[PDB]
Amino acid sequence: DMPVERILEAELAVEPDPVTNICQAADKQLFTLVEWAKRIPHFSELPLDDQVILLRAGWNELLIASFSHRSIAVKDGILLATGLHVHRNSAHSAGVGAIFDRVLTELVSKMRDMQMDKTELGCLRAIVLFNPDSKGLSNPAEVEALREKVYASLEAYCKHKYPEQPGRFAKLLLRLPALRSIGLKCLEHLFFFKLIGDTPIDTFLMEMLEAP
């Protein structure tokens, strides 16, 4: 089964110019993200090749959702795992204001307004991790079955913790399209920074951007 307790432990086990600071922190969190994934139930039992495919497919959305939830109490800014607050004025003045505002409006503010807890965040990240549409998986059905168990557990958790909010489970799932769209746009920026070549991109972040 897929108990939300274990998913919550995985989140708590990994708790801690602007473009350069964000790219450096991203490389640091990629190491932490592997440790998180190995604590998600049944992920390590998957074929090694598929664990790679899932992490290469979801790392961007997984880590974007992480810092978004970490930034709840931050006003008009985000909090990186290194402890650095990046304010939206800094992002605008570095040329990435539009996508930064998208994170604040579509992700951080929505997480703040509903008070998304760390169990719901973990389940949402687990759903993203267990992405059955990832190309090249040796068995898409197994990953789809794992995703179904996660959101069967998360719905039951929502209905128990927040009985007064019937649409809350659906509200959580309906932030994934925004997360998908924002992840893709952030990838486009990274590839541009790489192309220009004056932004420090460390080895692990660089490996995520290379071809399969």
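In this text, residue numbers run from 1 along the sequence as written.
Coverage remark for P18: present in the model in all other entries compared whose chains are built on both sides, leaving no third without it. Gap check for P200 to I201: zero deposited residues are absent from the model.
Checked against the record, the higher mean CA B factor of 175-183 and 47-55 lies with 47-55. Comparing 137-145 with 120-128, the stretch with the higher mean C-alpha B-factor in the PDB entry is 137-145. Per the PDB record, residue ranking by Cα B-factor puts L205 in the lowest third of the chain. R70: CA B factor in the middle third of modelled residues in this chain (values from the PDB entry). Sort the chain's modelled residues by C-alpha temperature factor and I64 lands in the lowest third, per the entry. In the deposited entry, the Cα temperature factor of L84 sits in the top third of values across the chain's modelled residues. Annotation for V19: C-alpha temperature factor in the middle third relative to the rest of the modelled chain, per the entry.
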